[PDB]
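What follows are structure tokens for two forms of the same protein chain, given separately as structure 1 and structure 2.
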Structure 1
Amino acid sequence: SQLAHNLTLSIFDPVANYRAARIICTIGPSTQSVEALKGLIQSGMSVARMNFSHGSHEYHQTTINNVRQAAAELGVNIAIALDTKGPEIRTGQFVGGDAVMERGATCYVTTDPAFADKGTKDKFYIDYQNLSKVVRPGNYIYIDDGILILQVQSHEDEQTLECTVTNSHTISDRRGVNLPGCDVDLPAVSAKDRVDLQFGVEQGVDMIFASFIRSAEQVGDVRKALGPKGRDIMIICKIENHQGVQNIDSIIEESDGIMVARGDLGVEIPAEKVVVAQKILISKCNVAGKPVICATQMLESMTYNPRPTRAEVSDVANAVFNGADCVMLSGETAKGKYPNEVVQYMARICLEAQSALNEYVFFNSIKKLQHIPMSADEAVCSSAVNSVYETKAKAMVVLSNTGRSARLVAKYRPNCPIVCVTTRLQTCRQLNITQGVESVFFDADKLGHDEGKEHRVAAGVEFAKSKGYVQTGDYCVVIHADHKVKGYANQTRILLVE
């Protein structure tokens, strides 16, 4: 039992020689330079996140180029994620950068497009057209992931509403605005979004963080929009609204993964309900064998301070205990004063939580919750992990070209690193949202197709050797197909490493 397991732990228990959890950073003013990115990668960033609700296409293009350059100069593969606007509502530009909203003050909200690039503490734009046909005198308007609330007092004209500032908060350019329980009839994939998705495909991004995913059909709308050229691009659906939680099963089965988008979620549903929602969505994803991200406000105060709060240390550790593949930083890296320090802390907390994490129980729990009969390739993966535990193997090697096999093995949570030897560079990047996997690139162009698997295996074992995971005389569990089978891995072997 967890209780019994807690009594085995100590504060002096030394950490693992590898970290399983992966860290996602959002790139902005604080972190866009090729120098600042190399600091992020060295601190522990695996995924660069571009928020397409800010900046511009030319701005994010610079990010793309800088990330790739910074990564090439460190000799590492780094995933580029495109974060959609989605069916969302945002405020718009303020004069001078920011606007101080003070407790008790009265302001105005206009739907007139003319006020888009000119906004103040007294009058500013909101891009939802039929806002006036939704809110009445007395209702609340939520601003900046619900941190700021405005009470509508009266209707000034056809497009302006008199408001009251309920609490003191400073807001910046284009703030997110939420209308809980209103049924905002914004399209599944907008005319703006279709340009952004077209942009990501052209630039060859690795994954899409799709915003405000409400239905399975909407996920199909994104893939339809992505087109044939970008079908290998991963759709990671963001759950941040009420019906997104309700349709979670059908959403998960359509997606390539999930983000628990707690910022928008923690306003759209009651804040205490986000804990339960997080426990459910993560576990559900773990069972499905699809990457899951815990996001938003995890080390928030480190946007301003060199050290986190006790709650923030706890939050990051528990996301790992929950079973998240990834932990994400937003404003901490986008516009924070300690971008390297924050990612360094996150890695340090992830590694510590992993120490106390009971991967064997994790493995068994997941094993029990799978439909029997399993497919041959899933059974191979499950039983390979079983071998690891029985033999105390110190590394695992998987040949995977699409990433399918590597994620299937990771799904069973062995207590050793998974070394994926892949023939594709996008697979190296894409597996950066999968916990406990390190990729090795095998250039089948110049080195050969390797139909006998021998060369790719030897490359996985050498990687694991050079990382210090295995020594001469250790066991290493190897997964791939035999001489005949194509499409999946039908074979497992335990080999003595030289």
Structure 2
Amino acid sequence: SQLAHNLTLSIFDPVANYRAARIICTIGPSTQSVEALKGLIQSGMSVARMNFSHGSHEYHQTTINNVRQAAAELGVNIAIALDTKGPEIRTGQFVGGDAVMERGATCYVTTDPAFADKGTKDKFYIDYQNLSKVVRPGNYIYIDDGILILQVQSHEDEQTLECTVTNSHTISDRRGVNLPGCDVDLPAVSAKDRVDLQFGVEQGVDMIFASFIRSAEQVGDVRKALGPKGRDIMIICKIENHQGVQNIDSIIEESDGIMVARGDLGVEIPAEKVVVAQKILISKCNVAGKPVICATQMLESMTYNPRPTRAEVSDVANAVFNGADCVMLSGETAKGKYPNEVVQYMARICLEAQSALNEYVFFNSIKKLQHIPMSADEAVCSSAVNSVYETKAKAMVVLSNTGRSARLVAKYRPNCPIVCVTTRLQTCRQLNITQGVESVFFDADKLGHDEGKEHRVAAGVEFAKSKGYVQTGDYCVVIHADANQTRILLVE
């Protein structure tokens, strides 16, 4: 029945008047100014990502301020995301900053700290103390973004591995390393992260994009690192290796969402398996009711070219068809030449794919997996979305203080916009990673506690009127969950 829906499509018919997918932009040189962040919002940015791989706290403080000021000038709410550096496995130094590794040659990798600066083509340092304890003969070591492949022959001692060089490649100082068939037990957060996170709390960030997540226990470590004052910040887990993939179920349970880092996974896993891994992860998140980001290598060529390749375009479309809440831009907005154009084009592709997407298959698929008896909240939200399909309603209004019920509704995928009416600002921002949802702040301090709920509902319906989703005569499905309620409202 996606198939059936395909039969009735016409590419000349008008696209939807709404875009369900959300866009995350990485901020850097090309876009850190208030006037550029402004052009980014208008192009369709909902989330601003700061990459703490680079920059000092000083640089990001500017991004924060520039974001908060861009948003407030445009009257909108924009999420601020902190993407951590995370633990790294790297080489040490080489004599003459360099070491020409030739295919067939033998070399020795050592965890012996003495060799940190005096590396040679023959014996050099890798900074991960457990290397020997975790690698075994036959396994591979990737150095320099997977380019250099060394095969492990044996242990020279308990600190040194004898390796065959399997392919020629020159490598220089401090290259990154990957262990494709190895369970890496680095801690969850690096000493730096712990400081960067602490900073994030202090500065009131919305979500952590947590690097190199490999197990559920590690999500706890990240949480415990955000400490007692960080309990409302969302942890979005970056899945970057086989471990993340193997442990996905338990990781999804503990976390608040998922980022599929295709490029990182790609270093260690064949591209065609990463495609499939994207499918699995997006679908698990859809079923769990948690946002999922499709990240890296999205419209990469458009970092320096005016238009992207055909294949990059289908890549973006097919992330939407897979079920991504979000698509992310990295270099294309951090240091690209067409930062507005890329966001605009991404929005257009998403919008096109959404018009081809049969949402009803999602609703069905997710509803079919519910255990009977359902809990009240699951029942109210799914029947609310069912009511949309059955009455052809044209908007939904969701009253939610923490975003929870808005995410519960969005999970069921109605074929019309969801308007969340909330009394928390951080909620309006945090929902920026949830597909199909738009927020409205309701100031309970100034406008009253609305214990009746009539004002928030009215605020909801008016919001949907200005945007032109509903007009007089259309239907609109209202929901307050947690005590609960549902109404099918005729619009006046």
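Each residue is numbered by where it sits in the sequence of structure 1, with counting from 1. So that the term is clear: the rigid core is the largest set of C-alpha atoms that superpose within 1.5 Å between two forms.
- The hinge separating the two rigid parts that rotate between structure 1 and structure 2 falls at 186, chosen from 366, 120, 168, 186.
- The interdomain rotation between structure 1 and structure 2, with the chain split into two rigid parts and fitted on C-alpha atoms, amounts to 40°.
- In the rigid-core superposition between structure 1 and structure 2, residue position residue 72 carries a C-alpha shift of 0.4 Å.
- Note on residue 10: its Cα is shifted 1.4 Å between structure 1 and structure 2, core used for superposition.
- Relative to the superposed core, residue 175 has its Cα moved 7.7 Å between structure 1 and structure 2.
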